[PDB]
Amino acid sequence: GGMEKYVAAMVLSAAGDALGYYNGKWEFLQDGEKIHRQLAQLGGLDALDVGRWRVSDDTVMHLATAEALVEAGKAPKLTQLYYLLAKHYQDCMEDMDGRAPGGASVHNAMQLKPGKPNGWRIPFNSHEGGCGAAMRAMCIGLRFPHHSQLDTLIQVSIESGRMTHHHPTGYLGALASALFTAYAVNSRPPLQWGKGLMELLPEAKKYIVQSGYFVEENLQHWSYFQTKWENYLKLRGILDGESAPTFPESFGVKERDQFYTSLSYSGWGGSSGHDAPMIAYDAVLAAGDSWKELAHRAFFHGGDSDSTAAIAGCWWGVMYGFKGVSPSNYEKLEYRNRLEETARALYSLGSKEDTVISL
């Protein structure tokens, strides 16, 4: 069985979010060395008890995606799944006290018209490249992990994303988040993941054209995400997807902050759809089976650390379960029971290969 990997995916995504958020305290700080100092003072990662560390918007929206997928059930109509996603995204705004939700997410969640034909579609917008689509998409790969479902994974990740983030930098982050989760479910070596994404982007672009909404804008803005990813994979020596990655000789906390800023759009690494999954991926590649290593690279840094953490913790949980994770990092986590229940339901659906009714 692999059910514990689904449970770890949902629970450790949320634990990562909570750890990388610290009730909004890391953001006053916005400095990796200062965060790691505070971490040490609190007793290091294994000492942290998340009982009073609330999850943020990332987990609220990830749960919204997951609950919509579960409610849609077996062999769903995509019209019904998209109604349910839009409804869950709009309704989850009620749970945002203290959670610092993002601009595009909030604005567009309020505009959706779940129940109306194409009611969850919004226009293209140049400013919709934040990481809010990426942070909430991983469980699409839990639901649709089979090779036979790859077109569905593409479509659902993109459309879930562009309910709030109608810009390729935004929604291709959702594709990466979902796709790498499916890769992890299938035990695909992480060194192969980037190349897999690059090879699939033409099929994502095909879907955008065939779907037919804002084709010109979407295709004219595509190069940012694709170039960022190509360049990142070349830097790590993994564009070929058949070689282990190589890291800089000097790559401690301060160097990682400078690198994350180098990837970023507006100065804060991980705040966009391209770089949130990229930083999570960089952390996965370096960390292997070490939760602590993962945390030190993806949860504790001066950028958008709750959001890189939410993605990284999900992928890592799928691969490694709870091995080496201090129980205090999740035992009293907000929504733990709910996350577990949803994980089990996703496992029931995902582990059983099925076929959707496409649009």
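The numbering used is simple: start at 1 and walk along the sequence shown.
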Comparing 114-122 with 214-222, the higher average Cα temperature factor in the PDB entry belongs to 114-122
Mean C-alpha B factor from the entry: is it higher for 254-262 or for 140-148?
254-262
Per the entry's Cα B factor values, which of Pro202, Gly173, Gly98, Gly237 stands out as the maximum?
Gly237
Choose from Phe299, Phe28, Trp316, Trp53 the residue with the greatest Cα B-factor as stated in the PDB record.
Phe28
Going by the entry, which third of its chain does the Cα temperature factor of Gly288 land in?
highest
Cα B factor band for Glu71 (lowest, middle or highest third within the chain):
middle
Can you work out whether the C-alpha temperature factor of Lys228 puts it in the lowest, middle or highest third of the chain?
middle
In terms of its chain's C-alpha B-factors, the third that includes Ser348 is the highest
For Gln80, return the chain-relative third of its C-alpha B-factor as stated in the PDB record: lowest, middle or highest.
middle
